[PDB]
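Working through the structure, step by step
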Amino acid sequence: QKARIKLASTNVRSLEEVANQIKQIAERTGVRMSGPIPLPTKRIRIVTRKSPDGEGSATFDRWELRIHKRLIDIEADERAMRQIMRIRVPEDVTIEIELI
Amino acid sequence: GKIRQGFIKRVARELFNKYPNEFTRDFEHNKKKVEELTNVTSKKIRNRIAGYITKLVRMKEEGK
Amino acid sequence: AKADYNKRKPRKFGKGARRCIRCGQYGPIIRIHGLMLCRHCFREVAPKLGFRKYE
Amino acid sequence: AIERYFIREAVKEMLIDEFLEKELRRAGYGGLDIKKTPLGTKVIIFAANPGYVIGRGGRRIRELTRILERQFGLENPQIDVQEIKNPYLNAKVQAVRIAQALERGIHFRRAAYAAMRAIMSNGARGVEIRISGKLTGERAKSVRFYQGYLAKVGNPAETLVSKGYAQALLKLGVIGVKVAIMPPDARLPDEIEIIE
RNA sequence: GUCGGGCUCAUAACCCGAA
RNA sequence: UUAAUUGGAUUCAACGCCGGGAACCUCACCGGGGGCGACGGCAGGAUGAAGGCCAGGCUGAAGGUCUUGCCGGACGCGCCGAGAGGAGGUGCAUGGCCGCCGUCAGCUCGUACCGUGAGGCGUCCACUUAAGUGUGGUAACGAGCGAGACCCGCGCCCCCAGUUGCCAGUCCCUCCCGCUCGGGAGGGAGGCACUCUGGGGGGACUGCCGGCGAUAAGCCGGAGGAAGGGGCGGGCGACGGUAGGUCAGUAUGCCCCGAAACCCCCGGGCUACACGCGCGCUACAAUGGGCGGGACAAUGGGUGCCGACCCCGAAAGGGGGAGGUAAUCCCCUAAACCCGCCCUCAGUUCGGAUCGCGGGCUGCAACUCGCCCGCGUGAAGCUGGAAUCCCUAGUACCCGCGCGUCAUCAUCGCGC
Ligand SMILES: [Mg+2]
Ligand SMILES: [Mg+2]
Ligand SMILES: [Mg+2]
Ligand SMILES: [Mg+2]
Ligand SMILES: [Mg+2]
Ligand SMILES: [Mg+2]
Ligand SMILES: [Mg+2]
Ligand SMILES: [Mg+2]
Ligand SMILES: [Mg+2]
Ligand SMILES: [Mg+2]
Ligand SMILES: [Mg+2]
Ligand SMILES: [Mg+2]
Ligand SMILES: [Mg+2]
Ligand SMILES: [Mg+2]
Ligand SMILES: [Mg+2]
Ligand SMILES: [Mg+2]
Ligand SMILES: [Mg+2]
Ligand SMILES: [Mg+2]
Ligand SMILES: [Mg+2]
Ligand SMILES: [Mg+2]
Ligand SMILES: [Mg+2]
Ligand SMILES: [Mg+2]
Ligand SMILES: [Mg+2]
Ligand SMILES: [Mg+2]
Ligand SMILES: [Zn+2]
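Residues numbered from 1 in each chain as written, not as in the entry; some residues may be left out. Chains lettered and ligands numbered in written order. Part of a larger assembly, values for the part shown. Heavy atoms only, no water.

- Method of structure determination, per the deposited record: cryo-EM was used for this entry, reaching 2.25 Å resolution.

Below, the structure is given as structure tokens:
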């Protein structure tokens with residue numbers, strides 16, 4: 001009778017916005033909602049040689065991509081589930097909802 | 001070398017003249033004043049400006 | 001059948017089973033996390049993919 | 001895992017953007033955007049002459065939709081064509097325009113000065129243009145044109161300046177064109193004001 | 001005197017080992 | 001040297017470099033065998049062009065060609081243009097990118113003024129700074145790009161948050177000990193204290209004190225403090241030059257090949273070996289070798305995959321297989337170090353090159369030319385001439401581990 005909401009994004013602000021909107025929805029109704037839990041950030045690091053040829057001193061680039069995550073628990077009530085199910089996150093945010 | 005930066009000095013001199021009766025020999029008070037009287041966004045820059053204003057206050061009060 | 005003698009064998013391992021999706025080079029292919037891009041091509045498109053050089 | 005999902009989306013968009021870059025060179029291509037809807041995918045394309053992309057009453061939007069769905073991985077696409085927001089603040093568009101002017105046969109100095117005049121009149125803090133290649137003879141050379149404010153080193157230069165590059169293919173070979181533009185609303189870290 | 005190695009951007013001078 | 005041992009790079013700034021750990025592929029080299037000309041037009045062609053085959057020869061193998069005779073219906077390389085394609089030439093025809101001068105402190109502009117002019121001035125002098133960084137003086141007064149500011153991470157404190165992360169106090173159940181006054185270990189209820197994860201905020205300013213300097217710019221020494229004087233480690237490299245490297249990553253002009261210098265298949269070669277050189281690994285032993293026992297990590301990675309757990313085998317390995325699309329499951333109980341016993345200064349119980357026999361794994365293929373295990377075998381080496389390299393603090397030395405490459409293979413690169 002509880003629903004688990006998972007969020008992920010490359011942008012911290014949008015992620016925060018979606019979590020705060022879900023929190024406002026859970027406040028607007030009589031329902032307990034475990035606060036947004038921050039899971040460890042996923043980091044993708046790739047190191048490459050800079051020169052196209054092989055002459056000269058070897059030097060390297062360190063490119064990074066960062067993927068942030070949050071976890072939210074809420075109790076599945078239809079009066080509250082309809083409001084959250086009709087929210088639209090920005091295109092750079094993945095949202096997944098499941099019932100446990 | 002801890003050489004003060006030019007734009008810090010310019011802005012601190014501008015602030016000091018406009019409100020002569022607003023800055024004292026207290027670093028915390030001047031830090032809050034710099035926070036309220038500008039749009040400075042960096043905490044480091046705010047501290048630098050406040051320190052120079054403190055030195056200006058004690059230099060003019062001492063009479064140079 | 002004569003066109004049979006133009007056709008390549010479909011390998012599944014070795015350097016000949018992987019080509020860069022942007023320029024067609026064999027060799028220095030970055031296989032990390034499902035990318036298939038040469039080291040040369042990854043450098044110039046990395047900002048468009050969202051990678052940054054923080055340090 | 002989750003990392004593999006984000007990388008797949010980024011690569012497809014890059015391939016589509018490059019294909020459209022070359023394909024719509026005469027239309028003043030200025031980027032794209034892709035939105036995902038429960039019915040499919042909304043693809044918005046930016047250009048200067050949308051009639052070229054439409055191509056005399058269709059017959060070209062259908063071709064592009066077929067290309068997008070078959071060659072690339074979009075499911076059930078729908079292409080809309082719009083207009084560029086601030087064309088004179090976009091370095092890439094200006095680099096392509098200068099390259100086309102060179103391909104027509106205008107002298108490189110006159111083209112550079114005309115582009116700089118338009119950009120500065122349209123409200124930019126600064127612009128820098130570089131043109132390199134076999135200009136006036138078989139020995140190559142580089143020439144630089146500049147006016148205004150323009151940061152080059154450090155984080156502000158990375159996040160604020162718009163940069164663009166283009167090749168111009170003349171009869172004697174290629175000529176490279178580089179453009180950098182700083183917007184009117186850009187503010188440097190050392191620009192503080194006193195709250196009156 | 002022969003052969004090999006050092007030093008020098010390199011050659012000569014100079015230093016070392018060997019038969 | 002060879003049929004070929006494909007090519008680039010030669011002081012710093014070539015030589016574990018071209019992410020170059022090549023069995024096929026890669027591939028550009030060598031021996032051999034096949035295939036390819038949109039579009040314009042010539043001989044031609046339904047009385048059927050071009051194209052496709054059961055069988056057996058030639059052949060490494062092939063309807064490639066041939067023999068034996070079947071197929072299908074519309075274009076036409078026997079010809080001239082023309083084109084696709086080209087890791088063929090040219091980096092001294094170019095674009096883009098990268099190394100070095102050099103993260104050095106430089107390169108310029110508006111107006112004025114000096115010189116017939118090339119030019120000069122500002123950009124010079126004194127002190128100061130990591131810095132054309134600043135303070136004073138001055139035919140200069142002002143301004144731009146670089147420096148700094150900026151961005152990421154590390155160390156201290158506060159608020160918010162409590163799952164897949166944490167377990168101290170509290171309740172119950174079970175099992176051990178010196179038999180239980182006391183001390184331990186699991187499991188469940190329960191909690192977010194503590195650790196941790198990650199959003200927001202605080203904190204350091206030459207601010208305070210005493211000297212030197214000028215009473216300026218700053219410098220030297222003290223307190224308090226988690227932290228003290230760019231707090232520490234990184235990213236970001238101005239106008240230019242270097243005919244520096246790269247057309248063998250991709251783009252591109254010209255010149256060439258265009259029935260071969262284009263496209264595929266088989267077998268070789270890049271792995272050769274009187275010899276000169278770079279960078280390393282293992283040693284020459286006690287500041288040790290062997291045998292049994294005892295300790296404590298972090299970074300990363302996983303569905304074309306990581307595999308706990310059980311069984312079989314002396315080992316390498318083999319047969320089943322939970323959970324995992326991952327703060328949940330797995331790789332994953334590191335080594336250097338500590339305790340006890342043998343060896344006692346010896347070419348040895350040092351060293352482990354070289355070679356014989358046997359057992360495995362990956363793969364379409366292991367001879368050329370792969371990696372692993374058992375028994376046996378036991379080379380040089382006993383501290384290194386002239387010369388010459390790296391490093392200022394959690395740094396150097398010493399020790400293992402993760403990822404890239406990858407079907408298999410790490411004395412390498414990048415990180416812990
Ligand atoms: Mg800087
Ligand atoms: Mg000599
Ligand atoms: Mg060679
Ligand atoms: Mg090999
Ligand atoms: Mg080969
Ligand atoms: Mg050159
Ligand atoms: Mg110089
Ligand atoms: Mg005159
Ligand atoms: Mg001068
Ligand atoms: Mg100078
Ligand atoms: Mg002078
Ligand atoms: Mg300066
Ligand atoms: Mg620093
Ligand atoms: Mg040259
Ligand atoms: Mg050279
Ligand atoms: Mg070789
Ligand atoms: Mg031994
Ligand atoms: Mg042991
Ligand atoms: Mg022995
Ligand atoms: Mg054998
Ligand atoms: Mg073999
Ligand atoms: Mg001996
Ligand atoms: Mg001895
Ligand atoms: Mg290597
Ligand atoms: Zn590529």
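**A short note on the packing of helix α1 (residues 6–18) of chain B against helix α3 (residues 43–61) of chain B**
Residues and elements named next belong to chain B.
- Where α1 contacts α3, the axes come no closer than 9 Å and their chain directions differ by 55°. Taken together, the axis directions place α1 and α3 in an arrangement best described as oblique. The element α1 and its partner α3 pack so that their crossing is right-handed. Within the contact between the two elements, α1 uses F7, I8, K9, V11, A12, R13, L15 and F16 and α3 uses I45, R48, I49, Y52, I53, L56, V57 and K60.
- For the contact of α1 with α3, a count of residues per class yields 12 nonpolar, no polar and 4 charged. (Axes fitted to C-alpha atoms, helices over the stretch in contact; angles between N-to-C directions. Helix = DSSP H or I, 4+ residues; strand = E, 2+ residues; numbered from the N terminus. Parallel < 35°, antiparallel > 145°, perpendicular 65-115°, else oblique. Left-handed = near helix turned anticlockwise from the far one by under 90°. Contact = heavy atoms within 4.5 Å. Nonpolar A, V, L, I, M, F, W, Y, C, P; charged D, E, K, R; others polar.)

**A word on the arrangement of the chains**
- Most contacts, among the 4 pairs of chains that meet, fall between chains A and C.
- No part of chain A reaches chain B; the closest C-alpha pair between them is 19 Å apart.
- The closest approach of any C-alpha atom in chain B to one in chain C is 20 Å; the two make no contact.

**Notes on the interface of chain A and chain C**
- Between chain A and chain C, the contact holds 14 residues from the first and 16 residues from the second.
- Carbon and sulfur atoms make up 63% of the area that chain A and chain C hide from each other, which totals about 1,500 Å².
- By the criterion of area lost to chain C, the three top residues of chain A are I46, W63 and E64 of chain A, representing 41% of everything that side buries.
- Between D61 of chain A and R43 of chain C there is a salt bridge, with the nearest N and O atoms lying 2.9 Å from each other. (Buried area = accessible area lost by both parts, 1.4 Å probe. Salt bridge = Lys/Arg side-chain N within 4 Å of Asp/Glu carboxyl O.)

**Some points on the interface of chain C and chain D**
- Contacts between chain C and chain D engage 8 residues on the former and 8 residues on the latter.
- Summed over both sides, the interface of chain C with chain D buries roughly 860 Å², with 70% coming from carbon and sulfur.
- On inspection of chain C and its partner chain D, the count reaches 1 salt bridge.
- The salt bridge involving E18 of chain D is made with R22 of chain C; its shortest N-O contact spans 2.9 Å.
- Applying the counting rule to chain C against chain D returns 1 residue pair in polar contact.
- Per-class residue counts for the side of chain C that touches chain D are 4 nonpolar, 2 polar and 2 charged. (Polar contact = N/O pair within 3.5 Å; in protein donor to acceptor, adjacent residues only side chain to side chain.)

**Observations concerning unusual backbone geometry**
- Even without a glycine there, the phi angle at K64 of chain B is positive, about 60°.
- One non-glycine residue, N76 of chain D, adopts positive backbone phi at about 55°.
- Among the structural elements, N76 of chain D can be located in the loop between α3 (61–70) and β3 (77–83).
- Under the relative-accessibility criterion, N76 of chain D is labelled partly exposed at 46%. (Buried < 20%, exposed > 50% of the residue type's maximum accessible area, 1.4 Å probe, protein only.)

**Structural notes on the sheet that holds strand β2 (residues 40–47) of chain D**
Residue and element names in this part refer to chain D.
- The strand order across the open sheet built from 3 strands is β1-β2-β3, with neighbouring strands paired in mixed fashion. Looking at which strands have only one partner, the edges of the open sheet turn out to be β1 (32–37) and β3. Sheet twist, expressed as the average angle between the axes of neighbouring strands with direction ignored, equals 20°.
- Bridge count for β1 against β2 is 6 bridges, and the pairing is antiparallel. Considered in β2, the bridge of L32 is made with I45.
- With respect to the sheet, helix α1 (residues 2–23) is in contact with β1 and β2, its orientation differing from that of β1 by roughly 135°. (Pairing = 2+ DSSP bridges.)

**Details of the domain arrangement of chain D**
All names here are of chain D.
- By the assigned domains, chain D splits into domain 1 (1–85) and domain 2 (86–196).
- One C-alpha centre belongs to domain 1, the other to domain 2, and the line joining them spans 27 Å.
- Contact residues are listed per partner, giving 7 residues for domain 1 and 9 residues for domain 2.
- Of the roughly 640 Å² buried at the junction of domain 1 and domain 2 (both faces included), carbon and sulfur atoms supply 43%.
- Here domain 1 and domain 2 share 2 salt bridges between them.
- Notably, a salt bridge pairs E21 with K92, separated by 2.7 Å at the nearest N-O pair.
- Class assignment of the residues belonging to the side of domain 1 that touches domain 2 gives a composition of 2 nonpolar, 1 polar and 4 charged. (Domains from an automatic or database assignment.)

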